[PDB]
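Colleague: Listed in order, the protein sequences are those of chains E, D, C, B and A.
Per the deposited numbering, the very first residue in the first sequence carries number 1; after that it's consecutive.
Per the deposited numbering, the very first residue in the second sequence carries number 1; after that it's consecutive.
Per the deposited numbering, the very first residue in the third sequence carries number 1; after that it's consecutive.
Per the deposited numbering, the very first residue in the fourth sequence carries number 1; after that it's consecutive.
Per the deposited numbering, the very first residue in the fifth sequence carries number 1; after that it's consecutive.
We put the beta carbon where it would ideally sit given N, CA and C, even for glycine.
The following block contains the structure, expressed as structure tokens.
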Amino acid sequence: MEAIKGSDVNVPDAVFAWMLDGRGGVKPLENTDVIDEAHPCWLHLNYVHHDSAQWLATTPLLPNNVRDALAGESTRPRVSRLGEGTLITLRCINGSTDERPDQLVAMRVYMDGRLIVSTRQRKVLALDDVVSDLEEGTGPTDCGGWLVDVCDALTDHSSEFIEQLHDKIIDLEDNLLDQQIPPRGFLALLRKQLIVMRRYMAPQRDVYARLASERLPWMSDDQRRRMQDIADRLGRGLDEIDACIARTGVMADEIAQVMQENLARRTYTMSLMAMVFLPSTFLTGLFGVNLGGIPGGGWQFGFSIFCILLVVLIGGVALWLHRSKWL
Amino acid sequence: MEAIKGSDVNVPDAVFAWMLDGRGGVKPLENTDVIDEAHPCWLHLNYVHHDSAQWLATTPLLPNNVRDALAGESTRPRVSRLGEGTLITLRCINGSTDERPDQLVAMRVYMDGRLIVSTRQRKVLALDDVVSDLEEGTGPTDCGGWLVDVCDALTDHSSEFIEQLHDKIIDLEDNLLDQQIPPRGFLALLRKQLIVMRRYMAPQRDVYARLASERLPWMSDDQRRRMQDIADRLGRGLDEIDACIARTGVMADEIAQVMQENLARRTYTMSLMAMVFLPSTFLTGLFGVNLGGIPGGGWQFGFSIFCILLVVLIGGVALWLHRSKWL
Amino acid sequence: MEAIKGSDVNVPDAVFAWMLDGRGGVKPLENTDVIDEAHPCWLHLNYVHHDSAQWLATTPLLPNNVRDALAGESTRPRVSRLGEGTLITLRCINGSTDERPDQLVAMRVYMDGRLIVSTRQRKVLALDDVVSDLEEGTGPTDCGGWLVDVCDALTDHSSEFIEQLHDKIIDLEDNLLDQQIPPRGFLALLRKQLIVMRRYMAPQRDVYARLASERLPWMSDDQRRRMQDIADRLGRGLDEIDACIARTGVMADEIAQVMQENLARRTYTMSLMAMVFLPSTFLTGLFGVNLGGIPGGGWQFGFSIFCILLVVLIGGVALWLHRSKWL
Amino acid sequence: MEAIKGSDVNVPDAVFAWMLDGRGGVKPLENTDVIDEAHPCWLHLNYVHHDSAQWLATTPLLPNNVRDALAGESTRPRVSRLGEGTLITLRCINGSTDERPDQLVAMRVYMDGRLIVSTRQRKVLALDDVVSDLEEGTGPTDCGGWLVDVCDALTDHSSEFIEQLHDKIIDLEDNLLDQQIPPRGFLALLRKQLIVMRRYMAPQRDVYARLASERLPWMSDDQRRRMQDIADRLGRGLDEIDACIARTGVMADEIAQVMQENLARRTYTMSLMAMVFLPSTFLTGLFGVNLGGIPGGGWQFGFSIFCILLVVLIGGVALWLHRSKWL
Amino acid sequence: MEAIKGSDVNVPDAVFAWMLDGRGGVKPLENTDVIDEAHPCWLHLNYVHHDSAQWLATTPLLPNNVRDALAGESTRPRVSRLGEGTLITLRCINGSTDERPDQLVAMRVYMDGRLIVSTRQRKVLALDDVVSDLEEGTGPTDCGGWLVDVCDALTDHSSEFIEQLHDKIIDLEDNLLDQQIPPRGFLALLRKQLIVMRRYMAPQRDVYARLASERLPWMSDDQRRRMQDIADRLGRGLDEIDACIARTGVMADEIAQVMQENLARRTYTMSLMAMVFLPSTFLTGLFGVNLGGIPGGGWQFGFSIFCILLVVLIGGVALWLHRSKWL
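Okay, structure coming up:
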């Protein structure tokens, strides 16, 4: 655990491989590289690939329990102290352009003061962010700077998705503005994404703090400071989002309340339009009858007689409508 | 970073600045002033404005991680220790004069004992309150008096706000009188405002207690005591408000069941008038036909006969109404 | 704060003013009294009186930060340490017959080892209890035993209030008594008063524990023991009302499903009556028509034949109801 | 206070009283007995009796604050250290066959290191089981053996009861086996029963825990371990029961959703029957008319010609629902 | 007690027993065996067998309280140290195809450094898994390896089960895919199984951590570390599952939302079809009448008159639907 060679880390199926000068150095690896704490080496892999998997399960540099903890196993943000070794993994929020369900994006990093290795399956964009700000050399200095910078990308895109849900539900003032119903099958979607992001950020906050509260031998205390309030930077993100689970609590309840209000104002029409069904029992009840008797023969022009008495009934009960509305 | 000349902090596009005397009064900022513990000064911006933002990003008087932080991006009622630097950022309750949604107002203070700087986007009632207090002449003596006074106005207006929420919901005694329903879409914004007040007071409670817990090098211990019971003042304030989220809990559930049981009474009317109008289709059954036979011709004057017999049918099943009310 | 003259305490608009002998008896206040810890005198005010407000805000006997606190603006209980001074503010359970909403029964006591002040606005039956018990010689000895006995009266009066709503709740076993229904808009009163008992007892419990938390120069350790098990009395009242919001929760849900199943019986009757009004369209569909042809003229006396056919259709589909209840 | 005599504890209206030998034996009382820790004595009363109340209020054994409160006051269990005294009060569950509501079957036991005294109101089968253990002859050794045996008794019977409601609700899965509805009001009363058992058990493993850390002068460390793990045996007791309030949480909700599923079946039938009886009203529209014109007289035998078209409306719309189910 | 003979633990009706070589190997028992920590023996039984029942009821090697505890009686995911003894008792997942209810698959272990013994009632597939691990020679080294390996089996199996219903409720995306209903009586099964696995895993996570924090002689610090991240390996298991109680919380609410929505758009038919149900007292209201007058005889061909005026009623008020849709 004192000498590291550039050859065994040099993988053909490796996606990404770099040196770290201490500035943001863009230097791809060789087969004759000196790798230490003075020369940290970023990697990035894809365990779907062939020799990424073989080198992932066979390399003599990293231990055995972290071999098959590193090729698509967990559903959780673990950290694990391995003496000098340090396993982190934490989750990001992307996919293709279209997977709004399954906000799980794994990214797994076995790392120490000398050599890191990062591994993914689907395309992380936060790792694309930490790539895309180092070609000009303003990115990370070392592995500690790498870790706090990728936590800055994670809090930035995770925080943007937090406020993205937040202005999806703050767009739901439509529940009182006209009392417009939200679209059919919609609140379960972002409310689903909301609670699953509770169960991913909610251990990710103290995986960040469990980084920052613990003294790894190779951060700076400035990196532990910005790590500390970046852990809090996830923290009020997560109380924003369980404020949003409350807000979809009231939202999802009172939309059911207002559609049963639509039931009630429908049964206004069922009530009074059932009171239009009232004189039918005497509409046919005197007139659809074929019997040998005298129902209305005693007075000529009987049509206006029932034509006024049925609205004596309708207007009278209509005057009871402004009195009791029952019985 | 020992002393600061008065023109260095001087910003044209600032809202203003000031000079705290220590007697509770104030003096405006001059160009050749001395900024120290002997002469503390409040300086206030509006970071919407242009050179406000330029000085906000380019001054040498505050570190990098508070440079962008005073530019209006977090939903975080946060304190951030920067050694001698001390950032706080707290929330108030306004908008324009008309926004009952979005009761969030950001105010920010970067702070050391010499200069204190408050930046806002929109206006703050509390900052106006300590304005009228400070050209009144018995406002803040110093920066400690600044903090305890601005927290007195923040807690005072927030406590008044949750007070008028409390009498809006204790005004909801239409549950008992008439069982009168609240207006269509009205508890979504009371209950919405209520939970968002939980989210913006509950980190603010321990931003207050997190101020009063540590020993900053510039407060009096009397200001720590005032800070302490004002922290608990907002604390049991939010105990009133989640008492109110329980009270909108029962209130929303019982309005849902009371209009639901109103609907149940409406279909009770539909049921009773349904079995009252059983014999209408049956009277069309016996009497609304066209056959080559004898319907009732063997006995004269059947109109009195059937208009008796359906009525005694209705009264019979009406005795089964009070008798059974089933089947 | 070494000696107090009998006129500074003396207020004309004072409701009560007393002299704790230490023997459990009492004496009224005189004008030339020297009161101390050996002569712990007593007050009771009503701050809505104007001279009560004047002495309440202008006396030199209590500091400024508790001057306004005794003037009736709280929504809450507290205890605030003021060095030698000690503030408690504290709630009770009172009103006349027509105040079962708004249990806001305030009771404020600023005190030390020598003097107390006990201000109210509306009457307090606990203070009425110890006023009913101090003249008979078996009241309190001094201020420690005073607020001991005060907490005795209000915690067993609040305890019997909690017991009273509890016997209403256990009087709601009519849910299984043939599903007998609570009155229209009634559980919002028990549930509302219940949770407002949770809020106005819950900081009160650790007001009491916060009394016996520290040593104070005017209690006994026996009175601290009395304080802790009386806090145990109240806190077990708090678990009583916690289980009452639970049991009231399941009550409020089951009455809603009782309304749902009664409505299911209403539309059960509407379903069976709908199948009873299936032969409307065959009834008029063969018989109420007016066309130039032969519908049933080919066989004489067809009244029994449509009686037979609609009976076998109705009883037939009733047998299909006995087959599979649907389709 | 020392060398307690048998005449002091001799109560005629007591239920019984014995000595504890150490073997689990049993010996009745005399009037010349030496009650010590070498010969511990159990007393058992029924405090509703008049002389039981007289000795209960007037004995020179136990102090004043445990005199009255031992006779029917606490709605809840507790411990209370009284120096040498140790008040305990527990709760068990019994009745006749008919008191399954009101599971408050109390147990008030003042403990002193020589005389231990138990008062009940109604009969408790737990102490009946300890009675069977002691006339059995291998019951309690001493007051410590008394305590572990009574806690084992009502711990076992509490565990059997929570097992009884557990396999009541594990029978409640015919609601997935062809969705058999639970009987009327059945969830409410056992849901009530185990939630008041959350009002008892969560105040019971804490009174056992305040037996656990409480190094009493008369416990044994073996028996400390005995009521330690029998305390946590009750601990997995109440995690069973709040798991069961979750399980009747879901079980309470899903019967409501399946209730509206059956309601959706019958308004499915009301919908299709309403649209299939739309042509009835237009049949009366064309054929229930008495006017001087030519409705359909221009072609002979119109009965088949409209009996076809009503069928093609019915089967036509019946083909529209097989593609749309809507409008 | 020291050199315990293999004949003492030899049971005829044992399911099996072996030694542990320290390599993962397997050797059957004899009756001339010396058992220690150097030769660790594992027994596995089935306590329903009467010979094994007599053995574990009557063997003199294990203590008294663990005798009936190992006899298979109660829902115990717990641990109790007995000095040199150690009772652990855990829960797994097994059954045939038809035991998805009753997820209790108990395994019980009395153990020490020397003689470690496991009882069960129904088969555990995790114990079968470690049997398959040891019979090939790659099983556990010692009793500590036996414990951590059987924890690896059953946490792997419980972990893939909580994964299994975790992606069974992700197969509940029919909620927005056409808003397709879940099957009738289905979420009580899945929702049942995840709350019951909160009931099981929630004491089992800290039976694991309570093993890990307990310095035991028969363990190793490597197995303590492996014990601790297998403890948290489960622990992210259970926050996955209460995340899933939230996700079936929103799912179970919105299915009632969407099926009442199906009722809601369903009674559009019972609104517009109700206002085509109103003119039945008009189209027969003038025309199904038998009276001696002139209803429409003054103008010829009345059939094309109402044949258009019912259209100017229906289409006109149908245009009032596009105006206000109510009243």
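When we look at the beta-carbon of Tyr268/E and count the other beta-carbons within 10 Å, is it buried (16 or more) or exposed?
Modeller: exposed
Colleague: Run through the DSSP bridge pairs and tell me what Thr89/B is partnered with.
Modeller: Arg78/B, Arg108/B
Colleague: If contact means a Cβ-Cβ distance below 7 Å, which residues of the stretch 262 to 290 of chain B contact chain A?
Modeller: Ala264, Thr267, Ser271, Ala274, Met275, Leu278, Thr281, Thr284, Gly285, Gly288, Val289, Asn290
Colleague: Let me check understanding here. Comparing Cα to Cα, which of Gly293/D, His322/D, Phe287/D lies closest to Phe303/D?
Modeller: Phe287/D
Colleague: Is the CB-CB distance between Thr248/C and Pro279/B below 9 Å?
Modeller: no
Colleague: Let's see if you can read the secondary structure: which residues bound the beta strand (DSSP E) around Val117/E?
Modeller: 116 to 119
Colleague: Quick one: does the C-beta of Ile116/A sit closer than 8 Å to a heavy atom of the ligand FAD?
Modeller: Looking for the ligand FAD in the displayed structure turns up nothing, as the structure carries no ligands at all.
Colleague: Pop quiz: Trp218/B and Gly145/B are said to be a contact at Cβ under 8 Å. What is the actual Cβ separation, rounded to whole angstroms?
Modeller: So it is not a contact: roughly 11 Å between Cβ atoms.
Colleague: Going straight from the alpha carbon of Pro63/E to that of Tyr110/E, what length do you get?
Modeller: 10 Å
Colleague: Kindly indicate which three-state DSSP category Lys325/C falls into: helix, strand or coil?
Modeller: Residue state for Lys325/C is assigned as coil, using DSSP reduced to three classes.
Colleague: Taking any Cβ of chain E, which residues in the stretch 55 to 76 of chain D have a Cβ under 9 Å from it, in chain order?
Modeller: Residues of the stretch 55 to 76 of chain D with a Cβ closer than 9 Å to any Cβ of chain E, in chain order: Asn65, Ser74, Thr75, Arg76.
Colleague: I need the straight-line Cα distance from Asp174/D to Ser96/C, nearest angstrom please.
Modeller: 21 Å
Colleague: Taking Cβ positions only, does residue 399/D come closer than 9 Å to chain E?
Modeller: Summary: the structure shown does not reach residue 399/D, with chain D confined to residues 1 through 327, and so no result is reported for it.
Colleague: Determine the DSSP secondary structure at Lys123/E, reduced to helix, strand or coil.
Modeller: coil
Colleague: Which residues of chain A have a Cβ atom closer than 7 Å to the Cβ of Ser96/E, listed in chain order?
Modeller: The contacting residues do not exist; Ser96/E stays about 17 Å from chain A at best.
Colleague: Roughly how many angstroms lie between the CA atoms of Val11/A and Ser52/A, to the nearest whole one?
Modeller: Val11/A and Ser52/A: Cα-Cα distance of roughly 7 Å.
Colleague: Report yes or no: is there a C-beta of chain E within less than 9 Å of the C-beta of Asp102/D?
Modeller: yes
Colleague: For chain A, is any of its Cβ atoms less than 9 Å away from the one on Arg78/E?
Modeller: Yes, because at least one Cβ of chain A sits closer than 9 Å to the Cβ of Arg78/E.
Colleague: Flag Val317/D as yes if its beta-carbon sits less than 9 Å from any beta-carbon of chain C, otherwise no.
Modeller: no
Colleague: Taking 9 Å as the cut-off, decide whether the C-beta atoms of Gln180/C and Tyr208/C are in contact.
Modeller: no
Colleague: Considering only the beta carbon of each residue, do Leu177/C and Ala153/C sit closer than 9 Å?
Modeller: no
Colleague: Return the bridge partner residues of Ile4/A from the DSSP annotation.
Modeller: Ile35/A
Colleague: Give the DSSP bridge partners of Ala17/A, in chain order.
Modeller: For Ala17/A, the pairing in a beta bridge is given by DSSP as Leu43/A.
Colleague: Do the stretch 195 to 204 of chain B and the stretch 233 to 248 of chain B meet, that is, are 3 or more Cβ pairs less than 8 Å apart?
Modeller: A contact is defined here as three or more CB-CB pairs under 8 Å, and the stretch 195 to 204 of chain B meets this definition with respect to the stretch 233 to 248 of chain B.
Colleague: Thinking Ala264/D and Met259/C are a contact (beta carbons under 8 Å), I'd like their distance in whole angstroms, please.
Modeller: 5 Å
Colleague: If you draw a straight line from the C-alpha of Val79/A to the C-alpha of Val66/A, how long is it?
Modeller: Distance between the alpha carbons of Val79/A and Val66/A is about 11 Å.
Colleague: Residues of chain A with a CB under 7 Å from the CB of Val258/B: which are they?
Modeller: The answer, in chain order, is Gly185.
Colleague: Would a check of beta-carbon distances place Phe161/D closer than 9 Å to chain E?
Modeller: Not an interface residue.
Colleague: Between which two residues does the alpha helix (DSSP H) carrying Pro203/C extend?
Modeller: Here the alpha helix (DSSP H) through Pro203/C covers 187 to 211.
Colleague: According to the neighbour-count rule (16 or more other Cβ atoms, all chains shown, within 10 Å of its Cβ), is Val311/E buried or exposed?
Modeller: exposed
Colleague: Shorter than 9 Å from the beta carbon of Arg91/D to some beta carbon of chain E?
Modeller: no
Colleague: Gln103/D and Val196/D: beta carbons closer than 9 Å?
Modeller: yes
Colleague: Nearest by alpha-carbon distance to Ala243/D: which of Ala256/C, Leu194/C, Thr59/C is it?
Modeller: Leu194/C
Colleague: To be precise: take each residue of the stretch 144 to 158 of chain E, compare its Cβ to all Cβ atoms of chain A, and keep it if any distance is under 9 Å. Which residues remain?
Modeller: none
Colleague: Report all residues from its chain with a CB closer than 7 Å to the CB of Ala69/A; omit the five preceding and five following residues, and keep chain order.
Modeller: Excluding sequence neighbours, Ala69/A sits near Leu87.
Colleague: Assuming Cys143/D contacts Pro40/D under a Cβ cut-off of 8 Å, what Cβ separation, rounded to an integer in Å, is found between them?
Modeller: Right, their Cβ atoms sit about 5 Å apart.
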